[PDB]
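Chains, contacts and geometry: an overview
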Amino acid sequence: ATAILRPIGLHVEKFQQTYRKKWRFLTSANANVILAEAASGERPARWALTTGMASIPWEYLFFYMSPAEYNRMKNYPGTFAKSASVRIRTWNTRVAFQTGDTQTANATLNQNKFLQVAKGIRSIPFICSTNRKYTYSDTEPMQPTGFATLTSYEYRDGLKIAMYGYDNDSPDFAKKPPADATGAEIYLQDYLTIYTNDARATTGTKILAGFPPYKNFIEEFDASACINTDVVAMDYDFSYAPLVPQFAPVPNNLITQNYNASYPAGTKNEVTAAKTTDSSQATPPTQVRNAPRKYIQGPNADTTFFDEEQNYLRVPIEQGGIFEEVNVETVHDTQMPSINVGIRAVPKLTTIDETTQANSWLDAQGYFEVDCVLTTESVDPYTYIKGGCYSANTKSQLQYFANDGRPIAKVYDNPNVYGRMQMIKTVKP
Amino acid sequence: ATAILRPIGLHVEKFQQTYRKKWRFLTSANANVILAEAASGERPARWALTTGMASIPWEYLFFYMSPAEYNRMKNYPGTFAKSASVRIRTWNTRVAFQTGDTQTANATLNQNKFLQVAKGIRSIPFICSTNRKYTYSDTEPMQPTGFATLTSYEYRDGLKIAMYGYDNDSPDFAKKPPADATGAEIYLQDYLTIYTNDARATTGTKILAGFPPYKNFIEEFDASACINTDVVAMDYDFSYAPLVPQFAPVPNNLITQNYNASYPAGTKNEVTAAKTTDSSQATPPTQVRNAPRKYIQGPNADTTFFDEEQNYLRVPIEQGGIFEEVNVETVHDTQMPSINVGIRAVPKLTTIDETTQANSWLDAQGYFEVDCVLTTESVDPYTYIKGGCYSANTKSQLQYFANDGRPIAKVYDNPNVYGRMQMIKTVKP
Amino acid sequence: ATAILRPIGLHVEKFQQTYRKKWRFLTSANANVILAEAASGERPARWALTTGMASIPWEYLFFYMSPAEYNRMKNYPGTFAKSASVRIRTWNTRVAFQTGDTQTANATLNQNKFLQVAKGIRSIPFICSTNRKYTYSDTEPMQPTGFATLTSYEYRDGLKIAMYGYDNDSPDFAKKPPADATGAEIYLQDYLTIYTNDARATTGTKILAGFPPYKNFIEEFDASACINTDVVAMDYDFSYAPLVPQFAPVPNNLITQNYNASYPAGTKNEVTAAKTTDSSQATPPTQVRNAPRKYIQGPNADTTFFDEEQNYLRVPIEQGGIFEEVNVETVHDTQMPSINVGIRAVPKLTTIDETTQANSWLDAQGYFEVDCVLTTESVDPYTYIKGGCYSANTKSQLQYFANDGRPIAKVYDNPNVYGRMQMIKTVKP
DNA sequence: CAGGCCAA
DNA sequence: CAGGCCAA
DNA sequence: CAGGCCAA
């Protein structure tokens, strides 16, 4: 029989988009100096071990796509980031010929020059670390002497403005020529810092374990041999990275009296759970099903996360475990591996009189060429004849929310807990 | 060494039974007419799109096995339905030679004649549909003009009585000669209906998406070429279809003081959970472990579901996710695919003066031969020497119950929620 | 480029240890006699069917390793039992030449001599059984006439003292020469007992199912043909058998303000749950996530289980489902199969006048050579430069605890519930 | 040698 | 082209 | 023919 009709199904349009950027970064060869961080509120007193390995913010959307691209992508509901790849090439590493201390003849033609590469240090359960901006001494510009108050949000915002510049109506427009237009180098200021407990004021049983041997977890090469060579090549497939929420479905509550029905989930977990842990061991690990959350499209939608655009530079691209879909789903926790590259500090040719680390360093810069590609996909489903696009209600998305109404999102800024990136309340920009 | 004894284990007797029926169904080629359904209580105002695709009740036990077989199967505890298969063959489709409107000469030898087949429309998340009985206009017998109050339970009971007849003591015995004895055709009256929201009285943001293009999800063939041809051939393996509860185990509480003990389930879910969802998006999806339930055999058994025989025609055969077993079990939600077949309405040869759908249709009937087979299995375990059959306590079964004591069961009558059949309270017959 | 550094990671030292013992056991051919056990508190009145199959305590640590080895293993934190294997060889089985009843000439050269082997009877859901010590009649030394009050803890302690002897300062030192030094035979006194309900005082619907046919689940061989032959050869890989807790990690709460953070678990269960069941069917099976528990190392450690050394002879080696680790973990319930071996009772050559079981038995002993091997592994992780060994915080372990502070552990002493070994509160030694 | 721990 | 969503 | 049920 001639089939006059056949189940061709819905009309769905899938769009794949690619975002590419090229960035040139200058990195300081910061010395390895212990800095004291005083206790503040819930933060204990700790020792900080500074490094010269600059953080590469490849986990954020501004790294791959310009404000124009971001604004246009906003008009594509259902957009998911598919894969993010970054390639880092280092160029000739400059080392100061002399320290500038006139009282010594330390100038020399010879250089020992090492490049440090750190993949996934952020996820190591026992190396408590985060990326920090330092303040430096005037006599020794390469020696950290404290911490800048610049937060991670402010750092990434400043880096974005250096990448793309100001708006034409900005009075400060001339200050930052866009590196996306010029191709000029950008100074990085956000470096890996290793922390350990400070037991000087600790009462009771002190932990006196020193630092973890973090140099056993990084790669280091002779930077003289690495000129114009690829040093980092990492791809990442996103588990769940909703950049724009799905098209809202036609609400079945307007058609059906069964919208609030119940059905068996069996032994499968179709609702995600939040795990709370306590490294102080005052409380056992806790798993709580049905965390507070609300839809990011539909009649009672709360789109604060996507209207505050947390996902451009404040919050990492991948948010697996933060977002639920209303269907039989498998959801796991997610992390993007951290990338830190830098030059080891070059000691001065002075001769110190004691068996210890060098106390004076030559100025040295790492020159890193960064190639980054981001792939995204969006959908245009037509479940209904009129009224525009509508998705299936099984494509409805929820986002974890705090009880005060602030969206909860993954953050890569704080140190890991048991190798996990925490979920934290988003802050209104 | 000569083994005088070896672990031969228990004596268990497994019985496999087959139930076959042949039914001949007559289907009306109902027109596609929009019907208004006024809001009633929790049901909103909606538009109904009528079709001529008659529902095939292959998900119910009366479809395969007669009252005598059902009554005998009651005496086989531990009976599970294993597989249900249905084969549908269509015969010559009759179309009225003339409409009967004397004021027109619409009689014609020529016919355009189409058969519609719909598999799994009930499970489509975005096509809100259910099977309904219509009322028809007198001048146009093939045009629905409303809904009959006949419910799904009443419809399936009437169809069962048409299939098998009354008891010999019934005063109305002569009214329904059994089709199981005669082989005569039975008129089907339960047709697929597509629903959409009615926004005439809607206050606020209206959804004006019209209807979903449901004809993109059905098969249609020239019925003139389908004479004596198989059109539906579907098999279904039941995940969990307990027709008669297991043999009750010997209660360990009469032998042991450890009967109320606790043991680790680990990270496995050995207890099922009920998922509550809200398409109005007023409440997030909720998963609740340890839903109220009670045993269907044993000292505190509640056998209301199996004594009210919900499972004959009121409730579908498969109840996966409704029934728990006391052991390490994997349980998932279950659905039987819906089958709707019918003839598209044949327009009258009159010439209408406006660009629109036909307003008059010829009488047309689909002639469908239905072959159905049901396979069941039961067990006779002898854990003990005396007293009759007893099963292992790991074979104990629980059924979900509401707090008022009404058994909860799966139903295929209401429209799907996120592609799921709901669980609802059973009603006492 | 020449890599001056590469990620060699941590220094971790793994130590594998082997523990071997050889034991010679003498088993009585106890008669199959029904014993009444009166109701006591929560324990109902029941009938007990005695057997001669002696329990082999291969599930406990004292079976494989001496007090010196146990005390030294205490100084290896992070020790897990890996595998336990037992080989049982039976030697010539002695049968009394005569019963000693002078009023009969029952002495005979001829013997019918059978060896009974029972693997995994403890896990059978419908055979409610446990191992018991009997009291015997004076005229018939092989006939049980009651139960000794000796508990399982006391039995295993006495067997341990027979295996290894007393301390040199003990006044009772001469009473028990160590079998680990002498190689002498040890009399076993702990035999499989089959239970069934006693309905003499039962009010209401009585269960009169008799006994389960337990002889359909054991192996039996002609013991005359089994002289110097292997009869049991069983290996067991432990799922989780922590003998000494891990090295405590450096507490991140002393370094980080994020220690009490939350992260998504997704749909995975990273926290174990305890399943409570009710064979009386008064309560449905219940699964409870986040059972009370506390760490076995770290700042708030509760090491009562490992300081009371429950794991030497009071509690079985494997405790899977009792112990949690703070990470994405898969945990399941665990059981070690039971081993019971013995000689069937040899009837007297007297002629009884009634059709029934023999009422007099010859003395018979089983001679069983038991070879047992236990493999354990421990770790020495160095996450930090100073202060000694520290593990990753993902290696932190928690143990289930009751609300009163008593550690919860698996026990193989009580009869199974739905084929599961229960978790019970440990008792302070 | 990276992505929900590593000593798997 | 059906069975716990389909645009997987 | 044993290890989270066996009649899978």
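Residues numbered from 1 in each chain as written, not as in the entry; some residues may be left out. Chains lettered and ligands numbered in written order. Part of a larger assembly, values for the part shown. Heavy atoms only, no water.

Per the deposited record, determination of this structure is attributed to cryo-EM, with the resolution reported as 2.7 Å.

Examining the overall build of chain A
Let me state the cut-off plainly: Think of it this way: any DSSP run of H or I at least four residues long counts as a helix, any run of E at least two long counts as a strand, and we number them from the N terminus. Buried, partly exposed and exposed residues are distinguished by accessible area as a fraction of the type maximum, computed with a 1.4 Å probe on protein chains only: under 20%, between the cut-offs, and over 50%, respectively. Any pair of residues with heavy atoms lying within 4.5 Å of one another is described as a contacting pair. We score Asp and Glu as negative and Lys and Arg as positive, and we do not count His or the chain ends. Here the site of a charge means NZ on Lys, CZ on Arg, CG on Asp, or CD on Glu.
On a plain count of helices and strands, chain A comes out with four helices and 26 strands. Projecting the C-alpha coordinates of chain A onto the three principal axes gives extents of approximately 95 × 55 × 50 Å. When each of the 429 residues of chain A is scored for burial, the buried share is 59%. By sequence separation, contacts in chain A at least 24 residues apart represent 78% of the contacts at least 6 residues apart. Charge centroids of chain A, computed over 41 positive and 43 negative side chains, lie 3 Å from each other.

Focus on the relation of the copies chain B and chain A
Under the convention used in this document: Each copy is brought onto the others through a least-squares superposition of its C-alpha atoms.
Between the two copies, chain B and chain A, the superposition gives an RMSD of 0.0 Å; the rotation angle is 120° and the shift along the axis is 0.0 Å. Between the two chains, the operation in question is that of a three-fold axis. Residue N269(B) of chain B places its C-alpha closer to the rotation axis than any other residue of that unit, at 4.9 Å. A share of only 6% of the interface residues of chain B reappears at the interface of chain A, consistent with the copies meeting through non-equivalent patches.

Digging into the nonpolar core
Nonpolar side chains in soluble globular proteins tend to be buried together. Defined as follows: Buried residues of nine kinds, namely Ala, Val, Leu, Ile, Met, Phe, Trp, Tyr and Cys, make up a nonpolar core once their side-chain atoms join them within 4.5 Å.
Among the nonpolar cores identified, the biggest contains 76 residues, and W23(B), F25(B), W58(B), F63(B) and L374(B) are the most heavily contacted of them. Once residues lying within four places of it in the same chain are set aside, the contact partners of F63(B) are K21(B), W23(B), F25(B), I56(B), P57(B), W58(B), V86(B), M163(B), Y164(B), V370(B) and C372(B).

What to know about the interface of chain B and chain A
What counts is decided by this rule: When two parts are brought into contact, each loses some accessible area as probed by a 1.4 Å sphere; the total of that loss over both is the buried area. The term salt bridge refers to a pairing of a side-chain nitrogen on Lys or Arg with a carboxyl oxygen on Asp or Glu at a separation within 4 Å. Two N or O atoms count as a polar contact when they lie within 3.5 Å, although within protein this holds only if one can serve as hydrogen donor and the other as acceptor, and sequence-adjacent residues are included solely when both atoms are side-chain atoms.
The interface is formed by 68 residues belonging to chain B together with 54 residues belonging to chain A. When the two sides are added together, the surface that chain B and chain A hide from each other amounts to roughly 5,500 Å², 56% of it contributed by carbon and sulfur. The largest per-residue losses of area from chain B upon contact with chain A belong to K275(B), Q281(B) and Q287(B), which jointly make up 14% of the total buried on that side. The interface formed by chain B and chain A contains two salt bridges. The partner of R420(B) in a salt bridge is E270(A), and the shortest N-O contact between them spans 2.8 Å. Taken together, the connections running from chain B to chain A amount to 37 residue pairs in polar contact.

Quick look at the side chain of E140(A)
All names here are of chain A. Considering the arrangement of structural elements, one finds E140 in the loop between β9 (134-136) and β10 (144-147). Although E140 is buried, it makes no salt bridge; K348 carries the closest opposite charge, 6.2 Å away. Not counting residues within four places of it along the chain, the set of residues in contact with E140 comprises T99, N359, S360 and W361.

Topic: the sheet that holds strand β18 (residues 293-295) of chain C
Residue and element names in this part refer to chain C. What counts, and what does not: Note: two strands are recorded as paired if DSSP finds a minimum of 2 bridges between them. Fitted lines through C-alpha atoms serve as axes, helices being fitted only where they are in contact, and the angles separating the N-to-C directions of these axes extend from 0 to 180 degrees.
Taken together, the three strands give an open sheet; going across it, the order is β18-β24-β19, and neighbouring strands pair in antiparallel fashion. Unpaired on one side and paired on the other, β18 and β19 (323-325) mark the two borders of the sheet. The sheet shows a mean angle of 30° between the axes of neighbouring strands, direction not considered.

Things to note about the protein's contact with DNA strand E
Threshold: Throughout this document, a residue counts as near a molecule or strand when at least one of its heavy atoms sits within 4 Å of that molecule or strand. Residues are sorted three ways: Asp, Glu, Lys and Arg are charged, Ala, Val, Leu, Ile, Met, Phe, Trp, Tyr, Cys and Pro are nonpolar, and all the rest, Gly among them, are polar.
Near DNA strand E, the surroundings consist of 36 residues, among which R6(A), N327(A), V328(A), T394(A) and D237(B) are the closest. Backbone atoms, meaning sugar and phosphate, make up 40% of the atoms of DNA strand E lying within 4 Å of the protein. The contact in question runs from a base nitrogen of DNA strand E to an N or O atom on the backbone of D237(B), over 2.6 Å. Within the contact set of DNA strand E, a sugar or linking oxygen lies 3.3 Å away from a backbone nitrogen or oxygen of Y418(B). Elements that contribute at least two residues to the surface near DNA strand E include exactly β2 (11-28) and β23 (364-382) of chain A together with β14 (229-237) of chain B. Per element, the largest residue contribution to the surface near DNA strand E is five residues, and it comes from β14(B). Within the surface near DNA strand E, the residues separate by chemical class into 14 nonpolar, 11 polar and 11 charged.

Considering the packing of aromatic side chains
Residues and elements named next belong to chain B. Which entries qualify depends on this criterion: Aromatic pairs are defined between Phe, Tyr and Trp rings, using the six-membered ring for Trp, whenever the two ring centres lie within 6.5 Å; interplanar angles under 30 degrees are classed as stacked, those over 60 as edge-to-face, and all others as tilted.
Following the criterion strictly, the structure yields 54 aromatic pairs over all chains and no others. Ring geometry for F62 versus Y312: centroids 6.4 Å apart, planes at 70°, classification edge-to-face. Here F62, found in the loop between β4 (46-55) and α1 (67-73), pairs with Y312, found in the loop between α4 (304-307) and β19 (323-325); they are 250 residues apart in sequence, far enough to count as distant. Relative accessible area serves as the criterion here: at 0%, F62 is assigned to the buried category. Their ring planes at 55° and their centres at 5.9 Å tell us that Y134 and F147 sit as a pair that is tilted. Of this pair, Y134 sits in strand β9 (residues 134-136) while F147 sits in strand β10 (residues 144-147), and the two are 13 residues apart along the sequence.

What to know about the protein's contact with DNA strand D
Neighbouring residues of DNA strand D: 36 residues in total, closest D237(A), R6(C), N327(C), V328(C) and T394(C). Each atom of DNA strand D within 4 Å of the protein was assigned to sugar, phosphate or base; sugar and phosphate come to 40%. Here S239(A) contributes a side-chain N or O atom positioned 3.0 Å from a base nitrogen of DNA strand D. Backbone polar atom of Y418(A) to a sugar or linking oxygen of DNA strand D: 3.3 Å apart, as the coordinates give it. Broken down by secondary-structure element, the contributors of at least two residues to the surface near DNA strand D are β14 (229-237) of chain A together with β2 (11-28) and β23 (364-382) of chain C. It is β14(A) that contributes the most residues to the surface near DNA strand D, five residues altogether.

Overview of the layout of surface pockets
Operational definition: Note on definitions: the grid is 1 Å and covers protein atoms alone; a cavity is a set of points where a 1.4 Å probe fits but cannot get out; a pocket is an open set with protein on both sides within 12 Å along at least five of seven lines; lining residues have an atom within 4 Å of a point. Grid points are joined across faces, edges and corners, and a volume is the space filled by probe spheres set on the points.
Size it by volume and the largest pocket reaches roughly 960 Å³. Lining the largest pocket we find 39 residues, and of these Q257(B), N258(B), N414(C), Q422(C) and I424(C) sit closest to its centre. Those elements giving two or more residues to the lining of the largest pocket turn out to be β8 (129-132), α2 (152-164), β16 (273-276) and β26 (423-425) of chain C. Of the residues that constitute the lining of the largest pocket, the class distribution is 18 nonpolar, 13 polar and eight charged.

Some points on the sheet that holds strand β18 (residues 293-295) of chain A
Think of a sheet as strands paired side by side through backbone hydrogen bonds, with each pair either parallel or antiparallel. Residues and elements named next belong to chain A. The antiparallel open sheet is built from three strands, whose spatial order is β18-β24-β19. Because the sheet does not close on itself, it has two edges, and the strands there are β18 and β19 (323-325). Strand-to-strand twist in this sheet, taken as the mean axis angle between neighbours without regard to direction, amounts to 30°. Judged from the three bridges that link them, β18 and strand β24 (residues 397-400) form a sheet pairing that is antiparallel. Note on β24: the bridge partner recorded for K294 is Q399.

As for the side chain of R406(B)
Residues and elements named next belong to chain B. Relative to the elements of secondary structure, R406 occurs in the loop between β24 (397-400) and β25 (408-410). A distance of 2.8 Å separates the side chain of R406 from the backbone oxygen of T426, its partner in a polar contact. Among residues more than four places away in sequence, those in contact with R406 are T304, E308, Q310, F401, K425, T426, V427 and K428.

Digging into the relation of the copies chain A and chain C
With an axial shift of 0.0 Å and an RMSD of 0.0 Å, the rotation relating chain A to chain C amounts to 120°. Interface overlap between copies: only 6% of the residues of chain A at the interface are likewise at the interface in chain C, consistent with a contact formed by different surfaces.

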